[PDB]
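Below is the file run.cif, which contains mmCIF, C-alpha atoms.
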```cif
data_target
loop_
_atom_site.group_PDB
_atom_site.id
_atom_site.type_symbol
_atom_site.label_atom_id
_atom_site.label_comp_id
_atom_site.auth_asym_id
_atom_site.auth_seq_id
_atom_site.Cartn_x
_atom_site.Cartn_y
_atom_site.Cartn_z
ATOM 1 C CA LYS A 1 106.344 43.448 49.669
ATOM 2 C CA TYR A 2 105.419 40.747 47.156
ATOM 3 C CA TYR A 3 102.128 39.604 48.680
ATOM 4 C CA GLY A 4 101.274 37.444 45.684
ATOM 5 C CA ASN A 5 101.095 37.925 41.922
ATOM 6 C CA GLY A 6 98.380 40.551 42.258
ATOM 7 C CA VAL A 7 95.242 38.616 41.348
ATOM 8 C CA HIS A 8 94.485 37.833 44.992
ATOM 9 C CA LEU A 9 95.159 41.452 45.952
ATOM 10 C CA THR A 10 92.369 42.569 43.621
ATOM 11 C CA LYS A 11 89.526 40.443 44.986
ATOM 12 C CA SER A 12 90.975 40.944 48.468
ATOM 13 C CA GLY A 13 90.962 44.730 48.650
ATOM 14 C CA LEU A 14 91.859 46.434 45.378
ATOM 15 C CA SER A 15 90.159 49.535 46.779
ATOM 16 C CA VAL A 16 92.100 49.636 50.048
ATOM 17 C CA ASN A 17 95.252 48.688 48.144
ATOM 18 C CA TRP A 18 95.122 51.531 45.622
ATOM 19 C CA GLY A 19 94.075 54.072 48.235
ATOM 20 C CA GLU A 20 96.975 53.023 50.450
ATOM 21 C CA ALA A 21 99.513 53.382 47.639
ATOM 22 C CA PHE A 22 98.184 56.848 46.811
ATOM 23 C CA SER A 23 98.529 58.103 50.386
ATOM 24 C CA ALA A 24 102.235 57.267 50.547
ATOM 25 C CA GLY A 25 102.667 58.760 47.089
ATOM 26 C CA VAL A 26 101.168 62.069 48.189
ATOM 27 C CA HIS A 27 104.146 62.550 50.505
ATOM 28 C CA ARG A 28 106.564 62.212 47.588
ATOM 29 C CA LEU A 29 104.572 64.694 45.504
ATOM 30 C CA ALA A 30 104.433 67.315 48.256
ATOM 31 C CA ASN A 31 108.139 66.987 49.050
ATOM 32 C CA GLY A 32 109.352 67.409 45.482
ATOM 33 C CA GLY A 33 107.841 70.294 43.554
ATOM 34 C CA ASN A 34 108.440 73.406 45.643
ATOM 35 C CA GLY A 35 110.595 73.785 48.739
ATOM 36 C CA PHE A 36 111.981 76.527 50.970
ATOM 37 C CA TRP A 37 114.992 74.389 51.884
#
```

Can you give me the file's structure in the form of structure tokens?
Amino acid sequence: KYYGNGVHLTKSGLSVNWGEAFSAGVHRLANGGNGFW
């Protein structure tokens, strides 16, 4: 999803952008460390 170089993404919604990337990342963190399967 190359929505530009990144400069426009900052002024646009750097806050909503970072927070969105973190959410998805949380799933990877949870399903990685421990596991009963």

Checklist entry - So how many Å separate CA of residue 29 in chain A and CA of residue 11 in chain A, to one decimal? => result 28.5 Å

Next on the checklist: Neighbouring residues of range 1-3 of chain A were defined as those with any atom within 12 Å, considering all atoms listed in the file; residues of the same chain fewer than 4 positions away were excluded. Please report them as number ranges by chain.
Outcome noted: A: 7-10, 12, 17

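Note that the spacing between CA of residue 6 in chain A and CA of residue 18 in chain A amounts to 11.9 Å.
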
Listed atoms of range 11-17 of chain A boxed axis-aligned with 8 Å per side, centre + edges as JSON:
```
{"center_x": 92.4, "center_y": 45.0, "center_z": 47.5, "size_x": 21.7, "size_y": 25.2, "size_z": 21.1}
```

Next on the checklist: As an exercise, work out the distance from CA of residue 15 in chain A to CA of residue 33 in chain A in Å and give it to one decimal place.
Outcome noted: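 Atom-to-atom, CA of residue 15 in chain A to CA of residue 33 in chain A, that is 27.5 Å.
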